[PDB]
Each structure stands twice: as C-alpha cells, then as structure tokens.
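Asks: This is the content of model.cif (mmCIF, C-alpha atoms (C1' of nucleotides)):
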```
data_structure
#
loop_
_atom_site.label_atom_id
_atom_site.label_comp_id
_atom_site.auth_asym_id
_atom_site.auth_seq_id
_atom_site.Cartn_x
_atom_site.Cartn_y
_atom_site.Cartn_z
CA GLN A 1 -92.95 -50.40 -261.15
CA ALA A 2 -95.58 -52.58 -262.83
CA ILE A 3 -97.89 -49.64 -263.54
CA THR A 4 -95.13 -47.47 -265.02
CA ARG A 5 -93.70 -50.32 -267.12
CA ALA A 6 -97.18 -51.06 -268.47
CA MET A 7 -97.78 -47.38 -269.22
CA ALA A 8 -94.53 -47.19 -271.18
CA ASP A 9 -95.28 -50.43 -273.04
CA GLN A 10 -98.97 -49.83 -273.82
CA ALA A 11 -100.11 -46.19 -273.46
CA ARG A 12 -99.10 -44.96 -276.94
CA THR A 13 -100.45 -45.90 -280.36
CA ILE A 14 -96.83 -46.13 -281.51
CA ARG A 15 -94.80 -48.16 -279.02
CA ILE A 16 -91.98 -46.13 -277.47
CA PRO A 17 -89.18 -47.98 -275.64
CA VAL A 18 -89.11 -47.31 -271.90
CA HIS A 19 -85.58 -45.93 -272.24
CA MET A 20 -87.04 -43.17 -274.46
CA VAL A 21 -90.28 -42.65 -272.53
CA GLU A 22 -88.22 -41.99 -269.41
CA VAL A 23 -86.26 -39.23 -271.13
CA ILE A 24 -89.41 -37.76 -272.69
CA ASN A 25 -91.23 -37.53 -269.35
CA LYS A 26 -88.11 -36.20 -267.61
CA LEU A 27 -87.66 -33.54 -270.30
CA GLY A 28 -91.29 -32.47 -270.05
CA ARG A 29 -91.26 -32.37 -266.25
CA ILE A 30 -88.10 -30.30 -265.92
CA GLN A 31 -89.15 -28.04 -268.80
CA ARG A 32 -92.39 -27.22 -267.00
CA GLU A 33 -90.44 -26.66 -263.78
CA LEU A 34 -88.16 -24.30 -265.71
CA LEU A 35 -91.13 -22.45 -267.21
CA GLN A 36 -92.69 -22.03 -263.76
CA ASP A 37 -89.40 -20.86 -262.23
CA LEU A 38 -88.24 -18.52 -264.99
CA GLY A 39 -91.60 -17.03 -266.02
CA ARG A 40 -91.10 -17.89 -269.71
CA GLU A 41 -90.75 -21.14 -271.61
CA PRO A 42 -87.26 -22.59 -271.80
CA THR A 43 -85.52 -22.62 -275.14
CA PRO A 44 -84.17 -25.87 -276.64
CA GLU A 45 -80.55 -24.98 -275.84
CA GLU A 46 -81.43 -24.24 -272.21
CA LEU A 47 -83.28 -27.55 -271.94
CA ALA A 48 -80.33 -29.35 -273.54
CA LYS A 49 -78.11 -27.92 -270.80
CA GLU A 50 -80.15 -29.83 -268.20
CA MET A 51 -80.47 -32.90 -270.42
CA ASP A 52 -76.64 -32.88 -270.56
CA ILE A 53 -77.16 -33.85 -274.22
CA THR A 54 -77.17 -31.85 -277.43
CA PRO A 55 -80.08 -29.66 -278.63
CA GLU A 56 -80.36 -31.77 -281.80
CA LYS A 57 -81.21 -34.82 -279.71
CA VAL A 58 -83.51 -32.63 -277.59
CA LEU A 59 -85.43 -31.62 -280.73
CA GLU A 60 -85.45 -35.22 -281.98
CA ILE A 61 -86.97 -36.31 -278.66
CA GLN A 62 -89.53 -33.50 -278.88
CA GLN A 63 -90.69 -34.52 -282.36
CA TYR A 64 -90.65 -38.18 -281.29
CA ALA A 65 -93.04 -37.44 -278.40
CA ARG A 66 -95.90 -36.45 -280.74
CA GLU A 67 -98.94 -38.73 -280.93
CA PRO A 68 -101.33 -39.46 -283.82
CA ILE A 69 -104.80 -38.02 -284.29
CA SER A 70 -107.94 -39.86 -285.35
CA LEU A 71 -108.73 -40.09 -289.06
CA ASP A 72 -112.43 -39.98 -288.15
CA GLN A 73 -112.67 -36.97 -285.83
CA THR A 74 -114.87 -34.25 -287.29
CA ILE A 75 -112.71 -31.53 -288.83
CA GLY A 76 -115.45 -29.11 -289.85
CA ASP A 77 -116.71 -26.40 -287.54
CA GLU A 78 -120.03 -28.26 -287.60
CA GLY A 79 -120.26 -32.03 -287.74
CA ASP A 80 -120.39 -32.74 -291.48
CA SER A 81 -117.37 -34.79 -292.58
CA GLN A 82 -114.37 -36.62 -291.15
CA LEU A 83 -110.67 -35.83 -291.49
CA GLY A 84 -110.37 -39.04 -293.51
CA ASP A 85 -112.35 -37.31 -296.26
CA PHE A 86 -109.52 -34.79 -296.73
CA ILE A 87 -106.50 -37.12 -297.03
CA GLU A 88 -105.16 -38.15 -300.44
"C1'" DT B 1 -151.28 -55.88 -268.03
"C1'" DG B 2 -150.60 -52.18 -268.76
"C1'" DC B 3 -147.08 -48.99 -268.39
"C1'" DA B 4 -143.76 -45.96 -267.71
"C1'" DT B 5 -138.87 -46.18 -269.65
"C1'" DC B 6 -135.63 -46.52 -272.24
"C1'" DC B 7 -134.58 -47.42 -276.60
"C1'" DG B 8 -133.28 -47.37 -281.74
"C1'" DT B 9 -133.44 -44.27 -287.25
"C1'" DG B 10 -133.87 -39.37 -289.14
"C1'" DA B 11 -132.79 -34.11 -289.96
"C1'" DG B 12 -130.60 -32.15 -298.02
"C1'" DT B 13 -126.60 -28.77 -300.91
"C1'" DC B 14 -121.42 -27.93 -302.40
"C1'" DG B 15 -112.50 -23.01 -293.23
"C1'" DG B 16 -107.60 -27.16 -291.99
"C1'" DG B 17 -103.76 -29.68 -287.35
"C1'" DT B 18 -105.65 -27.73 -280.98
"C1'" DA B 19 -101.76 -31.74 -275.01
"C1'" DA B 20 -98.95 -34.75 -269.69
"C1'" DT B 21 -95.83 -36.57 -265.99
"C1'" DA B 22 -91.30 -38.56 -259.71
"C1'" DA B 23 -88.84 -42.58 -262.05
"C1'" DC B 24 -83.35 -43.86 -261.65
"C1'" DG B 25 -78.79 -47.06 -261.61
"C1'" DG B 26 -76.99 -51.34 -263.31
"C1'" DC B 27 -76.28 -55.54 -266.26
"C1'" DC B 28 -76.72 -57.97 -271.20
"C1'" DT B 29 -76.63 -58.48 -275.72
"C1'" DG B 30 -77.07 -57.72 -280.29
"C1'" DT B 31 -76.94 -56.06 -284.40
"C1'" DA B 32 -74.48 -52.73 -286.74
"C1'" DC B 33 -70.42 -50.55 -287.47
"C1'" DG B 34 -65.19 -49.78 -287.32
"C1'" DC B 35 -59.88 -51.41 -287.14
"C1'" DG B 36 -55.85 -54.26 -289.52
"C1'" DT B 37 -54.16 -57.81 -293.19
"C1'" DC B 38 -53.91 -60.74 -297.22
"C1'" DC B 39 -54.97 -62.44 -301.93
"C1'" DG B 40 -57.14 -62.55 -306.77
"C1'" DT B 41 -57.16 -59.27 -310.36
"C1'" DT B 42 -55.94 -56.29 -313.74
"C1'" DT B 43 -53.43 -53.39 -316.14
"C1'" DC B 44 -49.72 -51.64 -318.05
"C1'" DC B 45 -43.40 -50.90 -319.33
"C1'" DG B 46 -41.46 -52.85 -323.28
"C1'" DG B 47 -39.57 -56.80 -325.29
"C1'" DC B 48 -39.69 -59.79 -329.30
"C1'" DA B 49 -41.51 -64.31 -332.88
"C1'" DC B 50 -41.65 -62.29 -336.68
"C1'" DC B 51 -47.11 -60.72 -339.61
"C1'" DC B 52 -45.16 -58.86 -342.93
"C1'" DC B 53 -47.80 -53.81 -345.06
"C1'" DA B 54 -47.53 -50.68 -347.52
"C1'" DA B 55 -47.41 -45.57 -349.86
"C1'" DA B 56 -43.61 -44.10 -352.31
"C1'" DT B 57 -39.74 -44.86 -356.31
"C1'" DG B 58 -38.12 -46.62 -361.03
"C1'" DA B 59 -39.73 -47.69 -365.61
"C1'" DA B 60 -43.03 -47.87 -369.98
"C1'" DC B 61 -46.41 -45.89 -372.75
"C1'" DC B 62 -49.87 -45.22 -375.77
"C1'" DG B 63 -53.55 -42.68 -376.73
"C1'" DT B 64 -54.63 -38.23 -376.75
"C1'" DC B 65 -54.76 -33.58 -376.08
"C1'" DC B 66 -52.35 -30.02 -377.00
"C1'" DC B 67 -48.53 -27.55 -380.57
"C1'" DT B 68 -47.20 -26.46 -386.40
"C1'" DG B 69 -48.62 -26.63 -391.92
"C1'" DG B 70 -50.83 -25.96 -395.68
"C1'" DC B 71 -55.52 -25.01 -398.21
"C1'" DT B 72 -59.24 -23.30 -399.62
"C1'" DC B 73 -64.12 -20.90 -402.11
"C1'" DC B 74 -66.27 -17.49 -400.08
"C1'" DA B 75 -68.70 -13.60 -397.87
"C1'" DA B 76 -67.17 -9.18 -396.08
"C1'" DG B 77 -64.41 -4.80 -397.11
"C1'" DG B 78 -63.10 -1.83 -401.35
"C1'" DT B 79 -64.61 0.36 -406.17
"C1'" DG B 80 -68.57 2.36 -409.69
"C1'" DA B 81 -72.66 5.27 -410.81
"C1'" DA B 82 -77.19 7.48 -410.39
"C1'" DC B 83 -81.00 9.91 -408.30
"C1'" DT B 84 -84.69 11.83 -405.49
"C1'" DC B 85 -84.82 14.39 -402.69
"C1'" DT B 86 -82.08 18.41 -399.83
"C1'" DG B 87 -80.39 22.39 -399.59
"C1'" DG B 88 -78.89 26.54 -401.06
"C1'" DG B 89 -78.78 30.25 -404.77
"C1'" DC B 90 -81.29 33.35 -408.12
"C1'" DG B 91 -84.76 36.05 -409.49
"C1'" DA B 92 -89.27 38.70 -410.05
"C1'" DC B 93 -93.37 40.59 -408.28
"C1'" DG B 94 -96.38 43.24 -405.18
"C1'" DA B 95 -98.82 46.91 -401.73
"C1'" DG B 96 -98.03 48.87 -396.69
"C1'" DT B 97 -95.28 52.68 -395.87
"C1'" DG B 98 -90.97 57.01 -394.65
"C1'" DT B 99 -91.91 61.51 -395.85
"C1'" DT B 100 -93.40 67.34 -396.42
#
```
Translate this structure into structure tokens?
Replies:
Amino acid sequence: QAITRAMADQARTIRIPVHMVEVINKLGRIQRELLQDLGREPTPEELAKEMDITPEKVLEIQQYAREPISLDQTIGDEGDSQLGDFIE
DNA sequence: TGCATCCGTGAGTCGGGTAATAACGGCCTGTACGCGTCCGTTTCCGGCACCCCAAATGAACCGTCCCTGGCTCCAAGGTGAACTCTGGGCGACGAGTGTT
C-alpha cells in the first residue's frame, strides 16, 4: 500500500491523483490482456465496454496518461543540439 | 616516492516527437453547480395641468413689371439714267477644193 501510494503521488512529473492513476493502470493492463487474447489491439469502443464508461472518457484518460519529454535531449541524428534549441 | 590510476577539457560549419503495470471498496467533503421564490426596476397604456405652437386664412398694397398711345427723323426699299463691256448680228475677203 505504501509503495503504490508513493508511486501514484511521486512517479510522474505532473502529479496525477491516485483515483486517476488506478484507472490508467487498469485500462493499460486490461488493454494489453485484450491485445494478447484477441491477436490485435483493442479499439477505444471495445476498451470502453470493459471500462463500463464512455469512449470519450477512455480517450481523455489515454491523452491524460502521456508524460513529458526532456527539453535537453539531443534531437539530431548526431549529438549537435538540444530540443530546446527548436522551441519558440 | 614514485607510480599506476583515475581523472578532468577538447574535437569547426550551417532531418523533427520514439513507452508500463494486480490494486479495489468504502467514507468525507468541498467546491461547483442546479432547483424554487421574492423584490427592486423599468418601461410602457393613456390620462390630463394645460405649454400653448403654429402653418394656414383674411386683408392691404405699393412698387413694379407687364399691357396701350402717340411720335418721330431716319436709313432701307422704290425711282432715274448711263455705260463698258457682252453678246449677238452683219458683212467682206481669201485659197483648199468637187469635178471631167
């Protein structure tokens, strides 16, 4: 319990409430189970059927789950300049 | 007391974006939203107290911008004659020519 609560409260650059992290992890887990079972990836409507909630909220959860990237990671094929040198 | 052993700077110039996990009820509250009701406002229907206001309805009316009246005093239309061409009419004279 302590480890999972701390993961939810501290693992992400943008804090996500545990009530939303739980649904994100559950969605990912059962979606990978569905992919393994069915042989293809599950579509958002199919995943919403298991979430017992609407595909709009499924998509909102999906776009919420994304994490930021570093402004200083090298973007070029070689190491020449940082991503921060491309942002207006 | 060297002595290996890290250990800390290079090394120039103007195509984009790639992922994981057991987690699950149950209670609280909190800020935002959703109901029902009541009161200040405000905005007009038609009323005056009358405010009167006024363009439209009778005058003159006098100067003036139109009519009628007569009068000229002149310059244009009517009345002459000639003449210098303008044109036709008259006449004579001369060689190229119809003919046996």
Asks: For the file shown, report as a CSV table (one decimal) with C-alpha atoms (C1' of nucleotides), keeping the file's coordinate frame the outcome of the PyMOL selection byres ((chain A and resi 1-12) around 9) at residue level.
Replies:
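Once written, selection-v2.csv looks like this:
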```
chain,number,residue,atom,x,y,z
A,13,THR,CA,-100.4,-45.9,-280.4
A,14,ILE,CA,-96.8,-46.1,-281.5
A,15,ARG,CA,-94.8,-48.2,-279.0
A,16,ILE,CA,-92.0,-46.1,-277.5
A,17,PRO,CA,-89.2,-48.0,-275.6
A,18,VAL,CA,-89.1,-47.3,-271.9
A,21,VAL,CA,-90.3,-42.6,-272.5
A,22,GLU,CA,-88.2,-42.0,-269.4
A,67,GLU,CA,-98.9,-38.7,-280.9
B,23,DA,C1',-88.8,-42.6,-262.0
```
Asks: Suppose you want the space between CA of residue 46 (chain A) and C1' of residue 20 (chain B); what is it in Å?
Replies: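 Interatomic distance here is 20.6 Å.
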Asks: Hey, could you make a per-residue contact list for chain B against chain A with 10 Å as the cut-off, showing the nearest pair of atoms and its distance in Å to one decimal, counting only C-alpha atoms (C1' of nucleotides), sorted by chain and number, as a Markdown table?
Replies:
```
| residue | atom | partner | partner_atom | distance |
| --- | --- | --- | --- | --- |
| B:15 | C1' | A:76 | CA | 7.6 |
| B:16 | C1' | A:75 | CA | 7.4 |
| B:17 | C1' | A:69 | CA | 8.9 |
| B:19 | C1' | A:66 | CA | 9.5 |
| B:20 | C1' | A:28 | CA | 8.0 |
| B:21 | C1' | A:25 | CA | 5.8 |
| B:22 | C1' | A:26 | CA | 8.8 |
| B:23 | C1' | A:22 | CA | 7.4 |
| B:24 | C1' | A:22 | CA | 9.4 |
```
Asks: Kindly give the distance, in Å, that separates CA of residue 57 (chain A) and CA of residue 33 (chain A), rounded to a single decimal.
Replies: 20.1 Å
Asks: Which residue is closest to residue 31 (chain A)? Choose from A:58, A:47, A:65, A:53 and count all atoms listed in the file.
Replies: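 Smallest distance to residue 31 (chain A) is found for A:47.
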Asks: Could you check how far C1' of residue 26 (chain B) sits from CA of residue 63 (chain A), in Å to one decimal?
Replies: 28.9 Å
Asks: Apply the PyMOL selection byres ((chain A and resi 72) around 6) to the structure shown and report the selected residues as a ChimeraX atom specification.
Replies: /A:70-71,73,82-84
